[PDB]
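Asks: structure of the sequence below:
(2 chains)
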Number of protein chains: 2
Amino acid sequence: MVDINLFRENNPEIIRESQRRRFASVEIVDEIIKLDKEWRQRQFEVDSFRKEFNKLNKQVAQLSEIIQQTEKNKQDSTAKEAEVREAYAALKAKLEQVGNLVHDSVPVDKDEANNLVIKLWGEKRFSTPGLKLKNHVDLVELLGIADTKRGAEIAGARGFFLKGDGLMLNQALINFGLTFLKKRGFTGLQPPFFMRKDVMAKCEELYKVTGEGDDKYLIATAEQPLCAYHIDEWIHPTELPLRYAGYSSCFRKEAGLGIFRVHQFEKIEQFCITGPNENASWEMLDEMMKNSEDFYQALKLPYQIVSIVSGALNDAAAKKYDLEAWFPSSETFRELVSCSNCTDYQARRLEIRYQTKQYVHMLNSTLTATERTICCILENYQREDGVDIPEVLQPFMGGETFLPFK
Amino acid sequence: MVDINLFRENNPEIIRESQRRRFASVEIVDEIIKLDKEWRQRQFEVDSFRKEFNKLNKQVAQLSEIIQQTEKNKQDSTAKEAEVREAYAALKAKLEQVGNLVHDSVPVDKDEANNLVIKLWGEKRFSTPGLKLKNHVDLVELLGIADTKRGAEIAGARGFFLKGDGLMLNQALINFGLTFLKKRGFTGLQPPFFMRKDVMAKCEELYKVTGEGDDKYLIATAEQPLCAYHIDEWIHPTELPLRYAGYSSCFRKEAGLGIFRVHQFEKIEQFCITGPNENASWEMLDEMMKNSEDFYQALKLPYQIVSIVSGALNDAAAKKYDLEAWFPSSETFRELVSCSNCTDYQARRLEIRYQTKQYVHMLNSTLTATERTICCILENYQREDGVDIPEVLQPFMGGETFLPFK
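Replies: Numbering: from 1, shown residues only, chains lettered A, B, ... in the order given. And now the structure:
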């Protein structure tokens, strides 16, 4: 949630302007201003009873009916705390729905057709006139590195096995990503692949897991457990910035026969926590964006950075970039990376603390969804008779250079 | 299931002797002999109606009431097929419960106290008189390579993160195991980490996953999906033997604060399919057992091979060995590997085929449950000030030799 102080004392015109930019409710800001003021007034009058009480208890100099005022007082107050219960619950219901303050540099439009292209990199391959550069779907079958039929019979729709060199490629990319980030100051973390309902609730298009205790949800992304990692804690300025390289399998109900659009996949994730103060998070977002650029440059996959339009931003994100990579057979760019500064949105929900009441800023950024990355590698590196192996990944398959059809 | 022909024509004394050895029902063999004979007699009399029918249809030389015999006949027969339905269903209910034929060499006892130690390897460390060699539980905390507290708050009981060098160690072992088996003739396969209810049913102390379609179960082991991989198929003699190196995350409800006894862990699995004929599966079990011995020898972890007592064998397994490794702080051996020849038990259930009605033999054998292996490594390689890295694994962390407390 955003800071409720942003609605007190154009203090709230900044929340409104942000709501306009999201193409979302602007009247809710007024709903929140009433509900904050009533929550505030009920808290004040509970303070007033604790003040009338002590100023009644220290009225005993009389040396009868004041003790009756004290009887009533303590019954009048004990009711108003459950009105503070009811006011705050109403406030949080609405406050929750407000998106994070959209940063000034974000292109203000409603549809991702108008995402601002900010950077191109790499020379692209195009299908010559005779016959198509093959698509990742045909490449996978030709190379024999997934079993999509069998995985579908075993796991239902969109299920697959990795087989032979698909599994070495997948591990190749994971290990290259993990050492890549380790070099650049990151500490690895593999989370549990499921979370307690009540913890996922603060970080139902996730799979549900029953049960040893609590019903649990399968994580859609390592972002979710690393988010919760550090819940309720303080973090000392001296600890920050924190850089974690998240690694997990991921599970998505919405996978809208190949290996790009699937229910289960592996992901390496950058996740960083900074202090809130001197554009540290904004500096960190550029650092995370450079780390991702370098990795696809290292893989020699062409791409474009787009900045995401304000009406397409999720609630947590003040600002977001995608790196969409070139896919030769369709001659289209496709998302391989998203990179968001969520500032204190999640940190205020999770009580991740930093005279002044401060919170940490949190960011996240895909390095690689490995199955997708592989689809992109396959298309880009294909030949008449098979697919070359990206040179950075050759050591991590010590040291094959080529996977052959058929 | 076992071959039903084993109960027809001491043909069934071999099933009985096997039932005795399992310390399991010997009267069920007689239950199955009645139920097989009645299933057989109902199938025969449906053949008899199809034989009385055609010998009635080819009685038309008359040139009235024979066509009435044909009316009745075809109503008498169509009832007896649903008696073949009811006889076979009764037969399968009981047949299912019979364990696989226990091989003659299996030690016939009821309790694993009496598992036959068949081989020792490696020189063992023992705690000297002053103070304990530390246990994997303390080592993990001291080295900072798991977060068991936090994982527990996020994922419930026994949840953990891998952190820093725990994650490199885990990936180190996975990649060493995968290249290890690749060298020895194996093709990798990473399965989906969940299976359709109805497919798991032929391969409820598994977690349940709801839902995109079918309710699914999380796999306890890569053995389960690789089992189903090849369901209903034929396999040509020329394809065999097949050697798959299974890799998956594993999920167990029964995890009876450290990383040994957990709900989620990674496993590398050998899984082999042979033809049934010339002691190929038995030769394969020794090959799989050598592959596992060499891997712990390569890791220089001391161990013992036990052969598992007949009353402790699971239903599928005709014979089973464990490699239990030395754990220095408790001065006890603990299971890191199980290695079973299941012959045609699962193959007959799954219709995995090979004049004569034959089935393939299937085997499986842990190479490494990586979290356990790590616990064993930590205890064995510990020093005053940290833990050494097994030399085989040093390249796969290119090339640190030591992880320090604290």
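
Asks: from chain B, how far out is residue A:292?
Replies: Distance, residue A:292 to chain B, using CB to the nearest CB, to the nearest Å: 20 Å. To be clear about C-beta, it is placed using only N, CA and C from the backbone, and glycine gets the same treatment.

Asks: tell me what the helix or strand hosting that residue is packed against?
Replies: According to DSSP states H and E, residue A:292 maps onto helix A:280-298. Applying 3 or more CB pairs under 8 Å, 6 or more residues apart in numbering or on different chains; DSSP states H and E, one finds that helix A:280-298 contacts strand A:116-121, helix A:165-183, strand A:264-274, strand A:303-307, strand A:319-327, strand A:332-341, strand A:361-369.

Asks: how about 7 Å then?
Replies: In terms of contacts (3 or more CB pairs under 7 Å, 6 or more residues apart in numbering or on different chains; DSSP states H and E), helix A:280-298 is packed against strand A:264-274, strand A:319-327, strand A:332-341, strand A:361-369.

Asks: and these: which comes nearest residue B:375?
Replies: The closest of the helices and strands packed on helix A:280-298 to residue B:375 is strand A:264-274. By CB to CB, the value is 24.3 Å.

Asks: who in the stretch 51-200 of chain A is up against chain B?
Replies: Residues of the stretch 51-200 of chain A found near chain B (CB under 7 Å from any CB of the partner chain) are A:150-151, A:154-157, A:159-164, A:167-168, A:171, A:174-175, A:178, A:187-196, A:199.

Asks: all helices of chain A, in order?
Replies: All helices of chain A, identified by DSSP state H, fall at A:11-22, A:28-57, A:66-95, A:136-143, A:148-155, A:165-183, A:197-200, A:223-228, A:280-298, A:345-349, A:370-380.

Asks: save the ones you listed as TSV, and put in distance to residue B:229 too.
Replies: Formatted as TSV, these follow (distance: least, CB to CB, whole Å):
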stretch	distance to residue B:229
helix A:11-22	47
helix A:28-57	52
helix A:66-95	49
helix A:136-143	17
helix A:148-155	6
helix A:165-183	14
helix A:197-200	32
helix A:223-228	30
helix A:280-298	33
helix A:345-349	40
helix A:370-380	19
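
Asks: with mean neighbour count added, can I get these in CSV?
Replies: CSV is the format used below for the helices of chain A (neighbours: other CB atoms under 10 Å in any protein chain shown):
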stretch, mean neighbour count
helix A:11-22, 17
helix A:28-57, 16
helix A:66-95, 14
helix A:136-143, 21
helix A:148-155, 21
helix A:165-183, 22
helix A:197-200, 16
helix A:223-228, 27
helix A:280-298, 19
helix A:345-349, 22
helix A:370-380, 26
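
Asks: which one of the ones you listed lies closest to residue B:335?
Replies: Nearest to residue B:335 among those is helix A:165-183; the distance by CB to CB comes to 25.9 Å.

Asks: list the helices and strands that closest one packs on?
Replies: Counting contacts by 3+ CB pairs under 7 Å, 6+ apart, helix A:165-183 is packed against strand A:242-251, strand A:264-274, strand A:361-369, helix A:370-380, helix B:165-183, strand B:187-190.

Asks: in stretch A:244-258, which residues are buried?
Replies: Within stretch A:244-258, the residues that count as buried by 16 or more other CB atoms under 10 Å in any protein chain shown are A:244-252, A:257-258.

Asks: of all the helices and strands packed on helix A:165-183, which lies closest to residue B:401?
Replies: Among the helices and strands packed on helix A:165-183, helix B:165-183 comes nearest to residue B:401, with 11.8 Å by CB to CB.

Asks: contacts for that closest one?
Replies: The contact list for helix B:165-183, computed with CB atoms under 7 Å, 6 or more residues apart in numbering or on different chains, reads A:171, A:174-175, A:178, A:188-190, A:247, B:145-146, B:162, B:188, B:245, B:247, B:266, B:268, B:270, B:295, B:367-368, B:370, B:373-374, B:392-393, B:396-397, B:403.

Asks: taking strand B:361-369 as reference, get the angle to it.
Replies: Here the directions of helix B:165-183 and strand B:361-369 differ by 150 degrees (axes from the mean of the first three to the mean of the last three CA atoms, to 10 degrees).

Asks: so helix B:165-183 versus helix B:370-380, what angle?
Replies: Put simply, helix B:165-183 runs at 110 degrees to helix B:370-380, going by the same axes, to 10 degrees.

Asks: chain center to helix B:165-183, what's the gap?
Replies: 22 Å (CA atoms, centre = their mean, to the nearest Å).

Asks: what of stretch A:233-246?
Replies: Counting by CA atoms, centre = their mean, stretch A:233-246 is centred 17 Å from the centre of its parent chain.

Asks: for that stretch, measure first residue to last.
Replies: One end of stretch A:233-246 sits 19 Å from the other (CA to CA, to the nearest Å).

Asks: now check it, is it near chain B?
Replies: No - legend: contact between stretch A:233-246 and chain B by CB under 7 Å from any CB is lacking; minimum distance shown is 8.4 Å.

Asks: and for that stretch, what's in contact with it?
Replies: The contact list for stretch A:233-246, computed with CB under 7 Å, 6+ apart, reads A:178, A:181-182, A:185-189, A:191, A:222-223, A:226, A:268-275, A:280, A:284, A:352-354, A:360.

Asks: do the same with stretch A:147-158
Replies: Stretch A:147-158 has contacts (CB under 7 Å, 6+ apart) with A:159-161, A:163, A:255, A:257-258, A:261-263, B:192, B:194-196, B:199, B:212-214, B:216, B:225, B:228-229.

Asks: can you say which of the residues you listed are buried?
Replies: Those of these that meet the buried threshold are A:159-161, A:163, A:257-258, A:261-263, B:192, B:194-196, B:199, B:212, B:214, B:216, B:225, B:228-229, by 16+ other CB under 10 Å.

Asks: contacts for the helix holding residue A:292, please.
Replies: For helix A:280-298, the external contacting residues (CB under 7 Å, 6+ apart) are A:121, A:177, A:180, A:184, A:241, A:270, A:272, A:274, A:303, A:321, A:323, A:325, A:337, A:339, A:341, A:343, A:361, A:363, A:365, A:367, A:392.

Asks: and the angle from it to helix A:370-380?
Replies: 40 degrees.

Asks: tell me which parts of the stretch 251-400 of chain A are close to chain B?
Replies: A:253, A:263-264.

Asks: and stretch A:270-281, how far out from the chain middle?
Replies: That offset, for stretch A:270-281, works out to 15 Å (CA atoms, centre = their mean).

Asks: can you show me the CA trace of that stretch as PDB?
Replies: Output of stretch A:270-281 as PDB, limited to C-alpha atoms (Å, rounded to 0.1, in the frame of the first residue of the first chain):
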ATOM      1  CA  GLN A 270      17.200 -10.400  -9.500                       C
ATOM      2  CA  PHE A 271      15.700  -9.000  -6.300                       C
ATOM      3  CA  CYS A 272      17.100  -6.000  -4.600                       C
ATOM      4  CA  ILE A 273      16.300  -4.000  -1.500                       C
ATOM      5  CA  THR A 274      17.500  -0.500  -0.900                       C
ATOM      6  CA  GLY A 275      17.000   2.300   1.500                       C
ATOM      7  CA  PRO A 276      14.300   4.800   0.500                       C
ATOM      8  CA  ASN A 277      16.300   8.100   0.600                       C
ATOM      9  CA  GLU A 278      18.600   9.400  -2.100                       C
ATOM     10  CA  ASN A 279      17.300   8.000  -5.300                       C
ATOM     11  CA  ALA A 280      18.900   4.600  -4.300                       C
ATOM     12  CA  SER A 281      16.100   2.500  -5.700                       C
END
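
Asks: what residues of it count as buried?
Replies: Neighbour-count burial for stretch A:270-281 [16+ other CB under 10 Å]: A:270-276, A:280-281.

Asks: thanks a lot, catch you later.
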